[PDB]
Amino acid sequence: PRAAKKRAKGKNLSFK
Amino acid sequence: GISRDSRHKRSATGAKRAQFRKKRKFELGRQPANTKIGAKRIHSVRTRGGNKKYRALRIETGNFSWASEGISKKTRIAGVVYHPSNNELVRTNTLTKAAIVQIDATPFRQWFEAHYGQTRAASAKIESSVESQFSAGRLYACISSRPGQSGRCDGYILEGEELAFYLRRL
Amino acid sequence: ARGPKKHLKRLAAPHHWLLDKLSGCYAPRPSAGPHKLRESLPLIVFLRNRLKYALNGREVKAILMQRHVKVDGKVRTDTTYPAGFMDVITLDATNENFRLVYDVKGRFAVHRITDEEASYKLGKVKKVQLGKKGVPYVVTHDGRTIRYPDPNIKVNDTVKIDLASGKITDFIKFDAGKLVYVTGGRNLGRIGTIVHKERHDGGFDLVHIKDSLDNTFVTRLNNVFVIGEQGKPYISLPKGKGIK
Amino acid sequence: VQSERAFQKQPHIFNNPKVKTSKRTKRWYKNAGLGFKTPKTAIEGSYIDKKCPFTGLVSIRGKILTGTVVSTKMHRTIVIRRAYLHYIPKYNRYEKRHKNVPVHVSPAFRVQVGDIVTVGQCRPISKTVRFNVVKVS
Amino acid sequence: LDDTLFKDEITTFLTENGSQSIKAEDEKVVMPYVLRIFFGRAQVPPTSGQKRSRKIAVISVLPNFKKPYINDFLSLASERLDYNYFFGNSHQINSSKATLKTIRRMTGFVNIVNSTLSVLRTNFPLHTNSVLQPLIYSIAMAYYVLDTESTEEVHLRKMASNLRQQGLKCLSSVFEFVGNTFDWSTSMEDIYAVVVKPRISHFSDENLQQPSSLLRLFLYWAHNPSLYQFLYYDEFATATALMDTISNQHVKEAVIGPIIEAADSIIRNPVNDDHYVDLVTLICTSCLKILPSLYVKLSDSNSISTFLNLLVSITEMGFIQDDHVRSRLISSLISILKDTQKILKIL
Amino acid sequence: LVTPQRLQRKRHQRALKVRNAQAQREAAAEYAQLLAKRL
RNA sequence: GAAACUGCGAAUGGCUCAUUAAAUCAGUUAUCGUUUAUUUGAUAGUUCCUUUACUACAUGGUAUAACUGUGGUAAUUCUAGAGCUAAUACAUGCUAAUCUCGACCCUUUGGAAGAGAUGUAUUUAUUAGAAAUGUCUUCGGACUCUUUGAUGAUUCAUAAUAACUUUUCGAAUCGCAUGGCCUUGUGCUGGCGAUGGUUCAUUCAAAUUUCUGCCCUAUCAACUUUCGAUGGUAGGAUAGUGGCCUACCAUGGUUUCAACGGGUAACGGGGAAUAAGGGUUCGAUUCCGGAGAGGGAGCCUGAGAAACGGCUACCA
Ligand SMILES: [Mg+2]
Ligand SMILES: [Mg+2]
Ligand SMILES: [Mg+2]
Ligand SMILES: [Mg+2]
Ligand SMILES: [Mg+2]
Ligand SMILES: [Mg+2]
Ligand SMILES: [Mg+2]
Ligand SMILES: [Mg+2]
Ligand SMILES: [Mg+2]
Ligand SMILES: [Mg+2]
Ligand SMILES: [Mg+2]
Ligand SMILES: [Mg+2]
Ligand SMILES: [Mg+2]
Ligand SMILES: [Mg+2]
């Protein structure tokens, strides 16, 4: 039987 | 005081070993329990683990099995007649395994008449020496239990070649 | 010593755990359990150093006592519980199921499985004997005593156990041509098929195993675990299929 | 057989005088394994020996060794001599060494000083004896 | 009385010819106290290994006692049992006496009698008042409760059934051990009327599987000439009931074999009375009628031999003179063909 | 103190014992049927 | 929620290398030679059995601390008398079942008149443990027979019979919650957990143990054996094998292949240094194993100690 298939991203903010 | 370790003894070649370590609890020993005929006195012993041992200081009663008919009856112990290891145990009437003792003939006898209706005939035939013992009123028995460990004096009755040899020794 | 030890130095811990030598002075000591110390992965190591869900011992304790971790279909709260080979670990909150199988390197690998696969496990029949009341029973490699076994089930065979109820669904005999997995020695983690069981009276039996690449190697019988017939394993295998 | 104070018997082997089915006393024996043939003299013998590999309460497990008999002067046990060559790397040369092993022998075997005996390990019979003679040649 | 020292004390104090044993003069005064004390221990419920051993110990000292004292112990068991009204009247059970309590008391009594019989066996002292008539009364009420009681009282019905099973077993035991020695003519009519008579109607369909206490009872009478008058009652009702078991299609070999052995004894045991002649005529014709169907059921060589042994018994006594007896004896014989010297002699 | 909770616990213990006995009997019967099927 | 009882731990960890020369230790074996708290998985309806004259809708002080109060001693983690009160402490003790066949009806989802059978734990003895190539049939199927397992090997596992026991066990424990049946009763039944308990297995361990391997010394050549040295039998002891000890027996056991004795600024090893290679030296010291807690001797507790941040004696 086959194994289970494989399966939050970076976010950016600039201030000042 | 009693210890069993092989260390204090001499080596096979005759060399003497030096004291490797102090005495350990797990190689201990305890005093002998010289069971004797007398009112039942047994005291427990706390041994290694949660287990426990019984010390037969005194017993009169033991369970003796008539093998040739396959029965077992409780019977009073009359006295020690012969022991193969050390004869002072016979003199002091000390009960241990392989001791040769005398037991009452009563329950075995009554069972005999009850089952066989005789004081069919072919089955009732029994070895002559044991019939002589029945007539005497006491039977020779060999202790198969260890009174120093289990607190029992169970044993079995002597028969055949066993019986003949022990009578000859007696 | 005078009694059982309760500490484990990091240098003395099993190598396959991958514990940093400089991180501390002591390593998790696996508590008593189904698997032996050296062949087990305590849950703390699995949750922290492998899955990286927890950052130190204390969040691991928090996770465990939250009852989010299930081993063998049962909730466990001991941080040092000795999970071992072919043990199913379920994290329901994450919807993740793992089966503990060594990689070709010999190290317990994070192998994700489906729920249907997680429903059953495999156990090598270590003993078969009659118990009290004349009831036959089998002892598997994980210490499971299963009563009323199929009388054909013999030592060195493997039994498929349902996790929910713990009965034997099916079994595989130990015969030539079956598919086996190495659970010890330098060949640890390799997969192959039997060629011969070489037998020595009063001595350790030896088994010759041929892999898919036709390479042949010899291993002691204690290190062999049947997992199926050739080309049809009863469990999902890790990446690489136990090659090299 | 009955040369001592106590009675010698195979433990728990019972002879019922009533049935008297056979003249010969009932005798219990076992095969030691490892392809070691139980000698017939043990099968129809009359000796009693608790340390006998075929008739006693002793099992053969562990190492199996071979040796040359060097002494047979005691009762039911012998001393064998095992010789070997030990390698010295500095001089790249062998050195003769030997060791004496005391091994129990059942009376079913007749052993003289000089024959080759194959022996099997068993539980500690005595202070120095840990083997039991299993084959003579 | 002390529990810890109870066992040692019995072996010391009560052993016959014991040094500490009661002196002959002092038995009369001490003994009632001993019996009451031992009676008290005998009611200990056997719910543990120790308790079972204690119940065995109390029964096992009975042989030590003299026979009058043994009879006293058996009396004490039966004193509670109120039976004199039953035998005083025409063997009718009172409705008031029929209660779970009274059944419970008799179940204890029979158990003690069963235990005593196993120990003493042939030496068991049998008396009408002490044991036999309480025993018969117990089997009487077991019959009384079972028929009268409704299905609702399942517990009482089960309890009564156990008393019936033990009582019938208790009878079959006492017949075996002391049947020959004791003279039963006085109580003979009572035993049949109260025990055998009620169950005769269904004795046939009842005992097909294996011998039962009531069936073992009938066989013993068949074997013993003195007790044949049991077989004579009610136009040989018990004799027919035995063959009705044999005549049934589904009687098993375990039940077949004993009865033919019993029937053979009757043929080989002449008795000087008219009833005997009608019996043997009844015994032979019934056993002769169904014999071929029995042989096919027989699966043991010994069972075959005893069948032949009955046939040769028929020929010796001269029943083969009768044409019906002869022609059918052949029919059974050819079934055997379809030991050998026994067959040839018969031919 | 005799309270409803103690009665609950006693009853639950008895129920558990009988349930275990029934389960064991069923298991033994199933094993017997398997053996009968093979023989 | 102080204090105290109860349960668990304190037998791990840390330190040091005094003693120790087939001893420890390294590698490699065995437990069919034995104990094993804890973890994990299994595992226990025995219906009945006279005084039912009956607690199981749940038994006692056969009992005390903490606490109240009266006191001793110069002094200590010293404690005396009196009064109290609890348990998962201590000591006791119960409550209409299941399974074989099954006549007779009925021909199945069958009913059952009745004949029968009934735990563990300890000790001993005994016992078991090894031409149906046909007939019919609906064409399926039915008819008769089988009936322990493992190891190389066992007196193994297991089962059975007869007794036995100052003799055990078989829940008199606790949290959360209030569902389901009704004949409406504080009636019956009922969930999720904790802690206990017999036996087996597993795990952590422990004890012995098979074989090979240690520096200097022969100006140490014979040693061991009277007071066990080698082996046999029986017993005692132990968790258990075993001269481990006891009683009786024999005279054995090692050695120029160096026994025995002496020295060792001798804990052993993984290792470190040097060297082209062979070799030589070091290794208390981060890891494993062994021993010790100023020096001897002996012990309670507990699964586990001959413990010393536990106890008792002797020496300094
Ligand atoms: Mg092996
Ligand atoms: Mg020296
Ligand atoms: Mg050595
Ligand atoms: Mg704990
Ligand atoms: Mg458990
Ligand atoms: Mg007070
Ligand atoms: Mg011995
Ligand atoms: Mg001596
Ligand atoms: Mg030093
Ligand atoms: Mg070092
Ligand atoms: Mg120490
Ligand atoms: Mg100092
Ligand atoms: Mg000390
Ligand atoms: Mg310390």
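Bear in mind these aren't lab numbers, they're just calculated from the coordinates by the rules spelled out. Positions of Cβ are generated from backbone atoms using ideal geometry, with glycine treated the same way; all protein chains shown enter the neighbour counts.
Computed over the alpha-carbon pairs of the range C:174-244, the distance histogram in 10 Å steps reads 22, 58, 17, 2 percent, short to long. If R0 is 30 Å, the Cβ-Cβ spacing of E:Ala237 and E:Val154 corresponds to a FRET efficiency of close to 0.40.
Net charge in the neighbourhood of C:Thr169 (other residues with Cβ under 11 Å of its Cβ; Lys, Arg +1, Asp, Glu -1) is 0. With a simple spin-label model that places each label point 7 Å from the Cα along the Cα-to-Cβ direction, the separation between B:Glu69 and C:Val75 comes to 6.6 nm. Listed by chain and number, the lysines whose alpha-carbon sits under 18 Å from that of A:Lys6, ignoring those within fewer than 8 places in the same chain, are C:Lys52, C:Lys239, C:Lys241. The percentage of C-alpha pairs in the protein assembly as shown whose separation is greater than 45 Å is 59%.
Between E:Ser185 and E:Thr4, what's the calculated FRET efficiency when r is the beta-carbon distance and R0 is 30 Å? Round to 0.05. The formula returns an efficiency of 0.05 here. The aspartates and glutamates within cross-link reach of C:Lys9, meaning a Cα-to-Cα straight distance under 17 Å and a gap of 8 or more places when in the same chain, are C:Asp20, C:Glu39.
Structure note, pairs C:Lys154/D:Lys30; B:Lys9/D:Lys37; D:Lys20/D:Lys40; B:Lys40/B:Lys73; B:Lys22/D:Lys127; B:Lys97/D:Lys26: Cα-Cα distances above 28 angstrom occur for B:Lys9/D:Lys37. For E:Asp322 and E:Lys297, what does the FRET efficiency come to when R0 = 25 Å and r is the distance between their Cβ atoms, rounded to the nearest 0.05? Result of the calculation: an efficiency of 0.40. Its Cα gyration tensor gives chain E an equivalent ellipsoid; the semi-axes, largest first and in whole Å, are 45, 23, 19.
Working from the Cα coordinates of the range E:155-242, the gyration tensor eigenvalues give, after taking √(5λ), semi-axes of 21, 16, 13 Å in decreasing order.
When the alpha carbon coordinates of the range D:29-137 are projected onto the principal axes, the ranges are 56, 27, 27 Å, largest first. Computed from the alpha carbon positions, the gyration tensor of the range C:121-171 leads to an equivalent ellipsoid with semi-axes of 16, 12, 10 Å, biggest first.
Residue order for E:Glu235, E:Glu9, fewest other beta carbons within 10 angstrom first, comes to E:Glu235, E:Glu9. From the largest down, the range E:225-265 spans 29, 19, 11 angstrom on the principal axes of its Cα atoms. Sorting the segments C:155-165, D:5-15, F:13-23 by their residues' average number of neighbouring beta-carbon atoms within 10 angstrom, most packed first, yields C:155-165, D:5-15, F:13-23. Of the trypsin sites (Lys or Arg not before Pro) in the range E:75-105, which ones lie in a loop per DSSP and count no more than 14 other C-beta atoms within 10 Å? Loop-located and lightly packed - E:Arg80. Could you work out the local net charge near B:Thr35, counting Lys and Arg as +1, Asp and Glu as -1, over the other residues with Cβ closer than 9 Å to its Cβ? My count for the surroundings of B:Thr35 gives +3. Summing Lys and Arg as +1 and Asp and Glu as -1 over all other residues whose Cβ lies under 12 Å from the Cβ of B:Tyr166 gives a net charge of +1. Of the chymotrypsin sites (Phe, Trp or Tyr not before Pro) found in the range D:31-72, those in coil by DSSP whose Cβ has at most 15 other Cβ atoms within 10 Å are D:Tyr47. Dimensions of chain B from C-alpha coordinates, computed as largest minus smallest value along each principal axis and given longest first, are 70, 37, 27 Å.
Identify the GluC sites (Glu not before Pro) of the range E:88-196 meeting these criteria: DSSP loop state and at most 16 other C-beta atoms within 10 Å of the C-beta.
Hits after loop and neighbour filter: E:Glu149, E:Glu152, E:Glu153.
By the count of neighbouring beta-carbon atoms within 10 Å, fewest first, C:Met86, E:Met317 end up ordered E:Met317, C:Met86. Residues in the range F:7-17 carry Karplus couplings, in order, of 4, 4, 5, 4, 4, 5, 4, 4, 4, 4, 4 Hz; the curve used is 6.51 cos²θ - 1.76 cosθ + 1.60 with θ = phi - 60°, and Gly or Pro positions show x. Take the Cα of E:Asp26, step 7 Å toward its Cβ, do the same at D:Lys99, and the gap between the two points is 7.3 nm.
Modelled spin-label separation between C:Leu11 and D:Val1, with each label point placed 7 Å from Cα along the Cα-to-Cβ direction: 6.5 nm.
For the residues of C:49-60, the average number of beta carbons from a partner chain within 10 Å of their own beta carbon is 0. When the Cα positions of C:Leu37, C:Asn156, C:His141 are compared along the charge dipole of chain C, C:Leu37 comes out farthest toward the positive end, with charges on each C-beta of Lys, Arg, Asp and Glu.
Determine the shielding of peptide E:55-64 by partner chains: average, over its residues, the number of Cβ atoms on other chains within 10 angstrom of each Cβ.
Average per residue, whole number: 2.
Where the centroid of each part is defined by its Cα atoms, how far is the range E:141-190 from the range C:181-244 in Å? Spelled out, the Cα-based centre of one part sits 72 Å from the other. Starting from the Cα of C:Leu55, step 7 Å toward the Cβ, then list every residue of the range C:61-98 with an amide N under 18 Å from that point. Residues passing the 18 Å test: C:61-64. For the range E:1-122, the Kirkwood estimate of hydrodynamic radius, built from reciprocal distances between every pair of different alpha carbons, is 16.1 Å. Here the range E:11-25 and chain F have alpha carbon centers that stand 52 Å from each other.
Scaled against 2.2 N^0.38 Å for its residue count N, the alpha carbon radius of gyration of the range C:1-116 is 1.04. If you restrict to DSSP beta bridges whose two residues both lie in the protein assembly as shown, what percentage is antiparallel, to the nearest 5? DSSP beta bridges in the protein assembly as shown are roughly 95 percent antiparallel.
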